[PDB]
Protein chains: 4
Amino acid sequence: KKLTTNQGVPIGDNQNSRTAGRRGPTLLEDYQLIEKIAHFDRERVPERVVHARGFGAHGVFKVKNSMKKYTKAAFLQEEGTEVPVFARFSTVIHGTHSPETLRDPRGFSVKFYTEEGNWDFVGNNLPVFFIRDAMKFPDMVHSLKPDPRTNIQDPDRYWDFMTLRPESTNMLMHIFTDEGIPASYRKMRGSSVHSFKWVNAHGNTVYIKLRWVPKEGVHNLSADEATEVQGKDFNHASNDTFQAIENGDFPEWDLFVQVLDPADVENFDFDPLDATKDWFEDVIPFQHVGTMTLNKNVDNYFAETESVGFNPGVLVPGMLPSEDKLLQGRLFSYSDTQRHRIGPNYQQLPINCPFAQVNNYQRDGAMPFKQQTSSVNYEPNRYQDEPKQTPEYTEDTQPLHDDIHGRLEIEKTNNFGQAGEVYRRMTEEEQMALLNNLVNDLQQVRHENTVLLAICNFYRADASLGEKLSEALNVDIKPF
Amino acid sequence: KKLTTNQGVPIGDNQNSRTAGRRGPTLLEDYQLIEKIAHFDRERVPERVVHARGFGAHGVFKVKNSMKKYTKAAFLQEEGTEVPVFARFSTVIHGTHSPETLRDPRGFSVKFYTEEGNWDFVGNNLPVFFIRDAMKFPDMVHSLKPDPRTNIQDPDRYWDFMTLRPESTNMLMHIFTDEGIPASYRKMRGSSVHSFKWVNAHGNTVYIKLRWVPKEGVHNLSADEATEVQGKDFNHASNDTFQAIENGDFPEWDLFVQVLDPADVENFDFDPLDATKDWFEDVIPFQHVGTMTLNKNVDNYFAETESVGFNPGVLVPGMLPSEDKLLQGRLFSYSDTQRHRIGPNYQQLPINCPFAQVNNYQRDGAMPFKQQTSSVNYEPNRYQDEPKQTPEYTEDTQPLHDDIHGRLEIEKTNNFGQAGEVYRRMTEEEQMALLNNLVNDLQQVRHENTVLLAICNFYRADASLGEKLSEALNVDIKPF
Amino acid sequence: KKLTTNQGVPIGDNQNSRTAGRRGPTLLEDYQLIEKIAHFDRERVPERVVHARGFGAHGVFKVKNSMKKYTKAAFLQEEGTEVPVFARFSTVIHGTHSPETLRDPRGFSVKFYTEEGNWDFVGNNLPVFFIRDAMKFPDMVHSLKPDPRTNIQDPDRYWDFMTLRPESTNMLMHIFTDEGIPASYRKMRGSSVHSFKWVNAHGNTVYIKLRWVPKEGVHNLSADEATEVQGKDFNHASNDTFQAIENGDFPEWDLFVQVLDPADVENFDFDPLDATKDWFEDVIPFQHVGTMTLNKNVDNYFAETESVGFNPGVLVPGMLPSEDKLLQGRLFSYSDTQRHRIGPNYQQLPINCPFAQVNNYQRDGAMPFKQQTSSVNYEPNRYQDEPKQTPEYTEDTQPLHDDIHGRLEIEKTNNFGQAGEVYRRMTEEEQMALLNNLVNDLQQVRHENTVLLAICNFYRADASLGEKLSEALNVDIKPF
Amino acid sequence: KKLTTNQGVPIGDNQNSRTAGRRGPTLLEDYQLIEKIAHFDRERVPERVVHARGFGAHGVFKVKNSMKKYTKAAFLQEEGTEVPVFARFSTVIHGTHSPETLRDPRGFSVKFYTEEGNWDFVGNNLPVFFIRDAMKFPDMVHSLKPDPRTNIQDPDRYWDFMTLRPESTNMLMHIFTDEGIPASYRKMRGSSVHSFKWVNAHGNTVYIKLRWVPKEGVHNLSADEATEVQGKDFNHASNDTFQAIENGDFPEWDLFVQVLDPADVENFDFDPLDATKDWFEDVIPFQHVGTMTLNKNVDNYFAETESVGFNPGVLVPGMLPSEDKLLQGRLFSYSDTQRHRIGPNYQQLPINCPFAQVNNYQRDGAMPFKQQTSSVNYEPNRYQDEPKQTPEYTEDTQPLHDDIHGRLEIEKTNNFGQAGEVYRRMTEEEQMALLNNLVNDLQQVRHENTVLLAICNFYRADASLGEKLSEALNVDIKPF
Ligand code: HEM
Ligand code: HEM
């Protein structure tokens with residue numbers, strides 16, 4: 001195999017620059033060097049705005065139970081159907097090469113290359129979020145991100161944002177358990193967090209939540225375990241998940257679905273479209289869908305794991321987004337950031353390409369590798385053999401329930417009630433882990449009012465938790 | 001054929017946005033709409049900084065005569081060998097959709113997809129150039145480019161540069177004949193302008209110049225003729241050349257080489273490596289090489305004619321650049337601008353991709369469509385099966401003739417002598433044309449000193465042309 | 001002034017590259033050369049996807065009549081207030097350096113640097129548009145743009161689209177008069193085309209349309225006149241408007257507003273919010289607002305006219321978009337394309353920069369010249385003196401009138417009615433010019449049933465015009 | 001202070017998206033939301049290809065001793081002259097948010113904002129490099145970078161490359177002492193590694209090396225110490241250096257220079273221009289130049305530390321690059337990558353901007369914030385007030401010493417000899433640490449031939465090291 005330039009010219013000497021004499025300066029005419037150095041200079045692209053640290057693998061999804069009752073999604077009609085998937089697991093706040101032992105939700109992303117298009121599942125392990133409207137997401141992230149001067153994450157900064165956005169209480173309850181540091185990607189669950197809509201063949205729509213349950217079980221690290229691991233291996237989760245697949249101990253998860261009829265949405269003490277809210281298995285049963293097996297590592301990380309883009313509003317027919325106000329901003333954000341991060345034709349890259357043929361009138365854009373060449377780039381047109389709309393594929397109408405449009409916060413926020421229930425649903429071990437992690441984190445806040453507000457927010461959720469935090473801190477909340 | 005999103009989801013309704021009601025505001029969840037518009041939003045890329053305006057087509061090069069004597073270049077070894085080519089012809093100064101009736105050199109670019117890699121011929125119709133050092137190219141372009149306030153080309157600006165850089169005189173002789181406006185791309189010659197080095201299997205090197213000769217002959221347009229054409233068709237040359245191919249009237253050119261022994265370089269009243277100097281056919285004979293035939297229009301202009309990059313420094317084994325100081329900056333410039341204009345991985349696109357297989361240790365970069373998957377991305381390595389250098393392909397050594405490096409103008413400039421020779425080689429018809437065009441261009445110069453300088457420069461070249469310019473302008477030339 | 005590199009190093013020799021000898025190859029260590037070339041290599045950015053060709057100038061808006069009864073827009077409160085403006089005028093379909101003699105609507109864009117933010121008016125001269133839903137815009141553009149193979153605009157393609165999308169009929173009536181070729185940018189009107197919403201201090205909203213009247217009158221070119229101009233000057237309108245300002249003949253326009261109560265939207269034979277429909281002066285009267293004077297040319301085309309971004313959705317308090325399905329896509333499109341075309345931080349460039357101060361929690365992005373330095377990059381936050389929201393500026397609620405969202409075409413299409421009205425409002429001159437231009441255009445269509453359809457669409461609008469086109473073409477229309 | 005959009009419009013509600021009803025879907029017309037999310041989507045830019053993990057601060061350089069004897073560099077003429085500096089320290093191989101406890105050279109970069117332009121010092125702590133020609137850098141970096149499939153650094157890969165490129169031996173001797181892991185940025189030295197050239201007022205040139213000596217002393221961490229620190233703090237060095245400055249304990253370094261007359265270069269058992277070679281203090285004395293004090297943290301990491309670009313070939317008059325083949329490729333590469341990573345106009349950003357004024361003929365390029373507005377954008381020109389060249393600043397000619405140019409490896413490679421002396425110059429504790437670290441590293445190599453090669457490479461430098469490695473490994477080297 002001959003070494004070549006990008007021009008296919010064979011290289012004779014890959015060790016020496018062309019110089020003006022044996023010990024003289026380098027020549028501008030060294031095309032081979034400059035081509036090599038110039039490409040090297042251009043290897044890097046922007047990391048993900050969040051969830052930059054991650055691990056991806058290939059596998060298959062296998063449907064066990066037909067879902068035709070709830071959705072007319074092609075792949076979900078018949079038990080036994082298998083769909084290729086690519087998955088990516090990730091942390092959130094810190095960058096590429098950041099340790100995998102930090103406290104963070106863990107991203108859980110699955111691209112399904114379906115016969116009717118790509119569907120992206122893009123969730124986290126943790127079943128709720130800090131906030132309920134996309135308007136706040138840059139703020140939340142900016143608050144959690146390293147301090148913009150010091151480049152170091154500072155709890156004084158994020159506890160500020162969080163205390164003043166008290167809907168974050170419930171998420172705080174989850175993230176400061178030991179479930180805030182999974183032991184690895186293969187030992188964690190997945191959650192859609194948002195409701196979506198599934199519509200069946202007759203146009204009945206239900207609200208659905210999605211649920212991944214690992215065959216290896218949920219396994220977490222305590223703070224001291226995380227520190228121990230960090231010192232030895234800053235790539236532990238990636239390492240462990242890569243080795244398991246390479247050794248043939250294939251990571252597997254089961255997919256379950258929760259179904260809530262639209263006519264029942266007022267029936268709870270919470271808005272079911274609020275992303276700060278969970279649907280307890282107790283109140284809404286999990287129904288088995290199928291199982292994902294990841295059985296093949298990437299061939300190349302950059303081209304596969306780094307270059308994939310997912311979007312929760314990338315859905316197949318039979319699937320629609322919910323009105324969830326946090327989800328609604330995501331629909332835009334993901335693809336929007338990918339046009340910048342990966343490129344305008346990012347959907348043409350092997351890792352992003354659908355299994356279904358792409359036939360449309362879109363054209364051009366930088367690096368047009370899979371340019372459709374028909375000169376007929378407009379629709380409607382006169383030609384019968386060019387791509388046409390298939391009316392049966394139109395997304396059905398959905399209901400509107402208000403007489404006004406504008407900036408209108410939902411009515412039943414219930415910022416503390418469900419958070420309290422989540423606390424009381426925990427075992428003693430979980431409640432003690434939560435207290436020690438919260439205390440350790442609040443000891444790092446440098447503004448008293450923020451600490452007071454944090455303890456107060458927790459107190460409203462559960463009085464005894466708030467009392468314990470008060471004692472450990474030691475800040476008396478009694479006057480308030 | 002089903003119409004689809006870039007995700008492979010069949011589109012039901014390609015005519016209506018999803019709105020909050022039949023006469024309501026558009027929804028951010030309209031993924032189909034946003035994908036479509038966002039891609040549309042990104043269709044465009046930067047135009048070529050020069051030669052933006054152009055036309056491309058595919059064809060074949062047939063070598064008629066073996067070049068073994070002069071070069072070891074594989075495709076040139078045997079009579080009858082055929083190489084696929086892609087050619088682009090161009091104006092220079094104005095942008096995309098610029099009239100093709102403007103006075104400019106015309107670009108003549110040919111990519112040869114060779115058994116030993118790509119070779120780009122990148123020349124103009126005209127046999128010489130305005131300057132002799134790349135250092136001056138941005139200045140020269142900026143002077144000819146539309147005034148940066150008015151956005152209209154102004155003779156007052158570029159005559160300023162050209163008079164103050166007297167080496168331009170020779171090019172001014174050519175450019176202001178009627179050969180400044182070719183009738184069509186098919187009715188023009190091609191010139192390498194610079195000499196290059198060819199090296200044979202034995203290791204002898206010769207200076208060479210390359211030459212394209214139109215089967216349809218050289219045909220030009222007077223000013224008034226160009227004005228007539230321009231009013232009815234601003235894409236006239238692209239239109240003619242497109243139609244010619246489609247009608248089966250394939251444009252052909254014969255290629256010729258001029259050969260100069262490096263030992264004979266100081267035997268002239270000019271420096272043969274000076275880009276402002278021609279190699280007259282009567283001094284160095286044209287030797288036939290073969291013939292190019294353009295026999296297929298692009299399937300798609302954007303992915304072919306817009307997205308192609310050429311570099312005079314993209315050479316196959318057997319070829320090397322000369323030390324011509326204008327050429328030497330071009331070796332860098334072209335591939336550098338393509339990395340910007342087209343993208344880091346521009347050599348991966350089909351129009352740029354070699355016929356010879358590419359095998360190397362380069363990786364990543366934006367849109368890594370053709371990523372090499374082997375994890376061995378470093379050389380030297382322990383693996384016999386990975387790409388290896390092939391020493392017999394090592395570019396040969398070349399003489400150094402000085403004991404200092406630095407910023408050092410050539411001795412024999414001869415800024416006016418050959419410019420004179422060229423004029424006295426013209427027919428009386430061409431000399432009248434030169435005068436009419438010169439006068440009509442010099443009439444637009446608002447600084448009398450620039451006008452005087454032009455006149456002196458032409459005078460030093462040929463005293464009769466000088467006095468004629470003076471008489472017509474009318475500024476007598478007895479003082480200075 | 002000493003000539004310097006971008007590093008601030010004074011340059012000794014700007015004429016010669018650094019070479020390995022007087023006649024030797026160029027050195028890679030020539031930083032000065034490489035910096036200069038590499039920057040030249042990067043001068044170009046993408047041109048606008050539409051309206052690439054254009055001219056900009058600075059000026060002033062003077063408000064003459066208070067608009068307080070209709071809007072609480074600060075700058076519109078007091079008769080006498082001046083706002084600085086930047087305006088850009090353009091053709092539509094072809095690229096940079098394309099003739100300004102071509103048949104095209106003309107862009108009319110004005111940035112108002114107001115005390116309460118930038119307001120961008122982004123209209124055309126013609127008062128209607130070809131289509132009424134943004135979903136169709138890429139298709140409409142693609143059909144009108146050069147054929148993706150020949151690189152020449154083809155009536156056979158765009159008629160194909162326009163006939164198949166018969167809502168276009170009204171716009172064809174307009175664009176095929178002589179008004180399709182304005183004599184220049186100063187000699188044309190401007191239209192909002194869409195209605196917008198103005199909201200007052202008491203919270204009443206009205207539908208509004210905006211209207212620019214030239215002090216110079218509306219002046220147009222016939223096909224033959226445009227053809228004669230084109231031969232001589234392809235920059236004719238830019239040239240005219242530039243010179244006019246230097247000469248002190250300041251291009252001026254009066255601004256007029258047409259008002260409509262949301263209560264009266266059903267009292268017409270058309271949907272007021274349909275972009276294919278005009279609001280006739282004699283049905284909704286023009287009310288005078290103020291005058292714009294353009295009194296200063298750009299210092300630099302690139303940094304001003306090239307680099308400016310407008311968006312019709314960039315509105316000041318007191319203004320809101322209507323539900324016009326074409327407008328609603330524009331809200332997204334413009335800013336979207338600018339982030340790609342100009343850059344993520346395009347709003348930080350002087351030409352785009354507001355007069356009002358920018359204070360928020362956004363950060364970073366490529367080329368962050370005006371980066372906000374405060375480490376408090378999140379809101380809410382504990383700091384009294386960091387930026388805070390001002391609730392009285394909250395865009396107020398707007399009625400919703402449907403109980404479903406979805407892909408739902410409007411009721412009163414009236415694709416031909418008002419198109420006929422328009423034709424019958426024309427003088428005999430205009431009707432003659434329309435006939436000539438249409439026939440000349442329809443003679444270039446190569447497909448029978450497209451021509452037939454065009455004549456039928458025009459016939460449905462007006463029987464006599466239908467007959468005359470039928471007569472001239474010449475197909476009898478007795479059957480169908 | 002009012003919260004505003006990038007348009008300067010006051011925001012009233014920064015908490016709620018505009019939605020089609022209180023519990024309905026989000027509106028495309030929420031300009032405020034989309035501007036916000038869309039800028040957030042674009043915050044990230046590519047990290048540095050190498051040395052992505054870093055820390056920057058401002059300060060001052062004070063010249064203690066005139067250097068006029070050796071250079072005519074303006075800032076170095078007079079004792080007591082003070083120049084502003086920005087410094088950045090960094091690791092090498094891993095990405096942003098990588099631990100600072102990893103084994104790697106440590107980058108030491110200093111930008112001097114001089115009265116005659118910017119000078120960049122761009123060195124490492126360690127005084128030699130792994131390779132001696134730029135041709136090999138991508139390969140070396142690829143071998144050291146995470147395996148492109150596992151995303152984990154693998155000694156089996158980098159030992160492959162290193163053993164097969166035995167010139168690396170000397171650097172291995174350095175990097176595998178505990179100096180492979182400095183305790184922080186303020187407790188490490190700096191080295192130019194390369195010689196450069198200094199030219200005085202008379203045109204005499206000497207070769208110089210540059211040396212930074214920390215007031216705080218050189219302090220390192222053993223492997224176990226590094227492990228302990230890593231578990232607790234992955235930002236330790238950034239943390240420590242930022243706190244020192246913030247507490248008023250300013251990091252200081254003394255700058256020293258070593259001088260070698262060009263007439264003495266043949267006098268050593270090594271080529272003094274080989275970047276794998278050190279110039280021992282006892283062979284060429286260090287001469288005090290001045291001191292750097294870092295006294296001011298950044299206001300903003302992104303705009304300062306992230307967006308700064310340095311290039312060792314960015315030199316002031318009085319300074320020139322040496323013909324060092326490693327240094328030669330760096331002259332091109334730094335500015336090349338920055339054009340991509342930061343932007344074509346990267347030199348216009350506050351952190352990169354010279355102290356000295358920038359006056360030249362370059363124009364345009366993306367985000368032209370500091371566009372020079374003069375319409376005279378070409379040189380030579382007629383105007384005496386426009387930027388002119390200053391011939392006294394012309395870079396002096398330098399010697400050439402060969403009669404050929406081509407790919408020509410230096411003759412006295414001495415790959416093992418100096419490496420031997422470096423080992424023999426070590427203390428016994430340094431020698432034990434070296435052995436422990438090498439053994440720990442070579443136990444992770446999985447190919448016997450590479451371990452044997454490594455051991456043989458060390459043996460050739462020093463027999464007792466070769467034996468100690470052989471015994472500890474346990475690999476028999478006797479048969480060879
Ligand atoms: C009544 C309908 C329309 C009018 C009057 C109009 C007018 C204009 C004008 C005047 C410009 C040039 C602005 C400038 O000088 O910078 C422009 C550019 C543009 N238009 Fe529109 N247009 C219309 C419809 C649309 C639609 C439906 C879309 C797609 C949703 C669209 C997308 C664009 C884009 C992407 C640009 C490029 C802007 C830039 O690069 O900054 N236009 N249009
Ligand atoms: C002994 C030789 C070398 C030393 C001492 C060295 C040191 C450094 C340092 C300290 C930085 C970080 C600058 C900063 O803080 O921004 C850096 C970055 C970099 N280096 Fe070198 N390096 C060496 C060799 C090379 C070579 C041979 C090349 C290839 C031609 C190279 C290419 C690069 C590139 C492309 C960057 C990224 C710069 C940017 O994005 O701004 N280095 N190096």
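Cut-offs and rules
Residues numbered from 1 in each chain as written, not as in the entry; some residues may be left out. Chains lettered and ligands numbered in written order. Heavy atoms only, no water. Helix = DSSP H or I, 4+ residues; strand = E, 2+ residues; numbered from the N terminus. Rg over C-alpha atoms; globule rule 2.2 N^0.38 Å. Buried < 20%, exposed > 50% of the residue type's maximum accessible area, 1.4 Å probe, protein only. Least-squares fit on C-alpha atoms. Contact = heavy atoms within 4.5 Å. Disulfide = S-S within 2.5 Å. Pairing = 2+ DSSP bridges. Donors = N, O, S within 2.8 Å, 3.2 Å for Na, K, Ca; no water. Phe/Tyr/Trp six-rings, centres within 6.5 Å; stacked < 30°, edge-to-face > 60°. Salt bridge = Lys/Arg side-chain N within 4 Å of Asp/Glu carboxyl O. 1 Å grid on protein atoms, 1.4 Å probe; cavity = no way out; pocket = protein on both sides within 12 Å on 5 of 7 lines; lining within 4 Å. Points joined across faces, edges and corners; volume = space filled by probe spheres on them. Nonpolar A, V, L, I, M, F, W, Y, C, P; charged D, E, K, R; others polar. Axes fitted to C-alpha atoms, helices over the stretch in contact; angles between N-to-C directions. Near = heavy atom within 4 Å. Polar contact = N/O pair within 3.5 Å; in protein donor to acceptor, adjacent residues only side chain to side chain. Expected span 1.5 Å × (residues − 1).

X-ray crystallography is the method the PDB entry lists for this structure, together with a resolution of 2.40 Å.

With that out of the way, let us pick up the overall build of chain A. A tally of helices and strands in chain A yields 12 helices and 13 strands. Relative to the globule expectation of 23 Å for 480 residues, the C-alpha radius of gyration of chain A, 25 Å, shows essentially globular dimensions. With the principal axes as the frame, chain A shows a C-alpha extent of 80 × 65 × 50 Å. Residues classed as buried in chain A amount to 71% of the 480 residues present.

For the rest of this paragraph, the subject is the relation of the copies chain A and chain D. In screw terms, the move from chain A to chain D is a rotation of 180° and a rise of 0.0 Å along the axis, fitting with an RMSD of 0.1 Å. Classification of the inter-copy transformation places it as that of a two-fold axis. Of the residues that chain A buries at the interface, 100% are likewise interface residues in chain D, meaning the two copies contact each other through the same surface.

Let us now look at the state of the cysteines. By the definition in use, this model includes 0 disulfides over all chains. Of all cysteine sulfurs, the one in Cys-353 of chain C lies closest to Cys-353 of chain D, which takes part in no disulfide; the gap is 18 Å.

Let us now look at the sheet that holds strand β13 (residues 404–407) of chain A. Across the sheet, 3 strands lie side by side as β12(C)-β13(A)-β1(D); this open sheet has antiparallel pairing. Pairing within the sheet leaves two strands with one partner each, and these edge strands are β12 (398–399) of chain C together with β1 (18–19) of chain D. Here 2 bridges tie β13 of chain A to β1 of chain D, and the two strands are oriented antiparallel to one another. Within β1 of chain D, the residue paired with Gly-406 of chain A across the bridge is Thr-19 of chain D.

Turning our eyes to something else, we now look at the coordination of the iron atom of ligand 1. Ideal values for angles at a metal depend on the geometry: 109.5 degrees with four tetrahedral donors, 90 or 180 degrees with six octahedral donors. Of all protein atoms, just one serves as a donor to the iron atom of ligand 1, and that atom is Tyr-334 of chain C (OH), at 1.8 Å. Tracing the chain through its elements places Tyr-334 of chain C in helix α8 (residues 327–341).

Residue and element names in this part refer to chain C. Scanning the entire structure with this criterion turns up 86 aromatic pairs over all chains. Taking 4.4 Å as the distance between ring centres and 25° as the angle between the ring planes, the aromatic pair formed by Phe-112 and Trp-119 counts as stacked. Here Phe-112 and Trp-119 have matching classes, each one buried. With a centroid separation of 5.9 Å and 45° between ring planes, the pair formed by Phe-256 and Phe-286 is classed as tilted. In this pair, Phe-256 sits in strand β9 (residues 252–260) while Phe-286 sits in strand β10 (residues 286–297), placing the two residues 30 residues apart along the sequence. Residue classification places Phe-256 among the buried residues on the basis of a relative accessible area of 18%.

In this section: the pattern of salt bridges. The tally for this structure, following the rule as stated, stands at 122 salt bridges over all chains. A salt bridge links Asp-139 of chain D to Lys-36 of chain A, with the shortest nitrogen-to-oxygen separation between them at 2.6 Å. Taken as a pair, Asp-139 of chain D in helix α2 (residues 137–144) and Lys-36 of chain A in helix α1 (residues 31–40) lie in two separate chains rather than in one. Take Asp-139 of chain D and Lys-36 of chain A: they sit in the same class, and that class is buried. One salt bridge in this structure joins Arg-42 of chain A and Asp-336 of chain D, with 2.7 Å as the shortest N-O distance.

Let us look at empty space enclosed by the protein. Volume-wise, the largest cavity comes out at about 1300 Å³. As for the largest cavity, its lining consists of 48 residues, of which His-340 of chain A, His-340 of chain B, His-340 and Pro-344 of chain C together with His-340 of chain D are closest to the centre. Per-class residue counts for the lining of the largest cavity are 24 nonpolar, 9 polar and 15 charged. In this structure, the second largest cavity is lined by 43 residues; those nearest its centre are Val-45, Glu-47 and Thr-96 of chain B together with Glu-47 and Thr-96 of chain C.

Okay, the environment of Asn-204 of chain D next. Residue and element names in this part refer to chain D. For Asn-204, the position within the fold is in the loop between β7 (196–199) and β8 (205–214). It is 22 Å that separates the C-alpha atoms of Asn-204 and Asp-120, two residues lying 84 residues apart in sequence. Setting aside anything within four residues of it in sequence, one finds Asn-204 in contact with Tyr-70, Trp-198 and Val-199.

This part covers the packing of helix α1 (residues 31–40) of chain B against helix α2 (residues 137–144) of chain C. Packing of α1 of chain B against α2 of chain C leaves a shortest axis separation of 9 Å and a crossing angle of 35°. Along the contact surface, α1 of chain B presents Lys-36, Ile-37 and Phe-40 of chain B, while α2 of chain C presents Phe-137, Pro-138, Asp-139, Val-141 and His-142 of chain C. Residue classes in the contact of α1 of chain B with α2 of chain C are distributed as 5 nonpolar, 1 polar and 2 charged.

The 3 strands are arranged β1(A)-β13(D)-β12(B) in an open sheet whose pairing can be described as antiparallel. Sheet topology places β1 (18–19) of chain A together with β12 (398–399) of chain B at the edges, where each strand pairs with a single neighbour.

Bringing the site of ligand 1 into the picture now. Near ligand 1, the surroundings consist of 26 residues, among which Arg-48, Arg-88, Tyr-334, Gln-338 and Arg-341 of chain C are the closest. Near ligand 1, the surrounding residues are drawn from chains B and C. At a separation of 2.8 Å, an oxygen atom of ligand 1 approaches a polar side-chain atom of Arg-88 of chain C. For ligand 1, an oxygen atom lies 2.7 Å from a polar atom in the side chain of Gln-338 of chain C. Residue assignment for the shell around ligand 1 shows that the elements contributing at least two residues are β4 (107–114), β5 (117–124) and α8 of chain C. Ranked by the residues each element gives to the shell around ligand 1, the list is headed by α8 of chain C, at 7 residues. In the shell around ligand 1, the residues fall into 11 nonpolar, 10 polar and 5 charged.

By a simple turn and slide, chain A fits onto chain B: the slide is 0.0 Å along the axis, the RMSD is 0.2 Å, and the turn is 180°. In this assembly the copies share their binding face: 100% of the residues contributing to the interface of chain A also contribute to that of chain B.

Residue and element names in this part refer to chain D. Taken together, 25 residues sit near ligand 2, with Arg-48, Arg-88, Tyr-334, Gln-338 and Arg-341 positioned nearest. Within the contact set of ligand 2, an oxygen atom lies 2.9 Å away from a side-chain nitrogen or oxygen of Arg-48. Taking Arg-88, its side chain carries an N or O atom lying 2.8 Å from an oxygen atom of ligand 2. Considering each element in turn, the shell around ligand 2 owes the most residues, 8 residues, to helix α8 (residues 325–341). Per-class residue counts for the shell around ligand 2 are 10 nonpolar, 10 polar and 5 charged.

Quick look at helix α11 (residues 448–461) of chain D now. Residue and element names in this part refer to chain D. A rise of 1.5 Å per residue sets the reference length of α11, with its 14 residues, at 20 Å; its end C-alpha atoms lie 20 Å apart and thus fit the reference within 8%. Looking at α11, one finds that the buried residues are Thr-450, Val-451, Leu-452, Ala-454, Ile-455, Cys-456, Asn-457, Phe-458 and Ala-461. On its buried face, α11 is in contact with α3 (155–164), α4 (169–175), α9 (417–425), α10 (428–442) and α12 (463–473).

Examined against the element boundaries, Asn-311 of chain A turns out to sit in the loop between α7 (301–306) and β11 (319–321). Separated by 23 residues in sequence, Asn-311 of chain A and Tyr-334 of chain A place their C-alpha atoms 5.3 Å apart. The residues touching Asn-311 of chain A, leaving out its near neighbours within four places in the chain, are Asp-120, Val-122, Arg-330, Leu-331, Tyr-334 and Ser-335 of chain A together with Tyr-31 of chain B. Within the structure, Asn-311 of chain A has its side chain in polar contact with the backbone nitrogen of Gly-313 of chain A (distance 2.9 Å).

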